[PDB]
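Just one chain follows, in the form deposited in one PDB entry, and it is written as structure tokens.
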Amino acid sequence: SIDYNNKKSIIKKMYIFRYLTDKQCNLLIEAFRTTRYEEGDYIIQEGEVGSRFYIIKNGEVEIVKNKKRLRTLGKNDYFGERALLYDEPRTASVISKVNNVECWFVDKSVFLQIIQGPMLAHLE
């Protein structure tokens, strides 16, 4: 309940999901799962092909390129959205800034199956 309503509230108001149907959105909310990181963990590694999208539940992360911090993201911020449409190398790294970081994430595998929904044929 609480975790569902939590990510529901965030997901539903996000720009990048504004075209989803309520049916799609519900599948999507249920598809997100929590993942935990400790201080200094690489959440995303620059140069790898991205396949996940992340929303910060607890904590902070930093976006890093060429060992330089580009910015800090905190609770309810999100990152990695291009991976949900494009198959391309990550342009930067994302590093867990503190212990006990928690993100909701979804893989493009799951997301695309959901976006595909309206293309699936009815019997009648």
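We call the rigid core whatever largest set of C-alpha positions still superposes within 1.5 Å between the two forms. Sequential numbering from 1, following the sequence displayed.
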{"query": "21 to 29 or 96 to 104, whichever carries the higher mean Cα B-factor", "finding": "21 to 29"}
{"query": "Of 55 to 63 and 40 to 48, the one with larger mean CA B-factor", "finding": "40 to 48"}
{"query": "Residue selected from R90, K75, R69, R82 by maximal Cα B factor", "finding": "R69"}
{"query": "Chain thirds of CA B-factor: placement of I114", "finding": "lowest"}
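Here the subject shifts to the form deposited in another entry, a form of this protein not shown in this document.
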property: Moved residue between this form and the one not shown - picked from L84, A92, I95, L73, where its Cα shifts 2 angstroms or more relative to the rigid core; result: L84
property: Per-residue C-alpha change between this form and the one not shown, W104, threshold 2 Å, rigid core fit; result: no
property: Residue pair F53, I115 - Cα distance in the other form, closer or farther (3 Å or more); result: closer
property: Closer or farther: C-alpha pair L73/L112 in the other form, relative to this form, given a change of 3 Å or more; result: closer
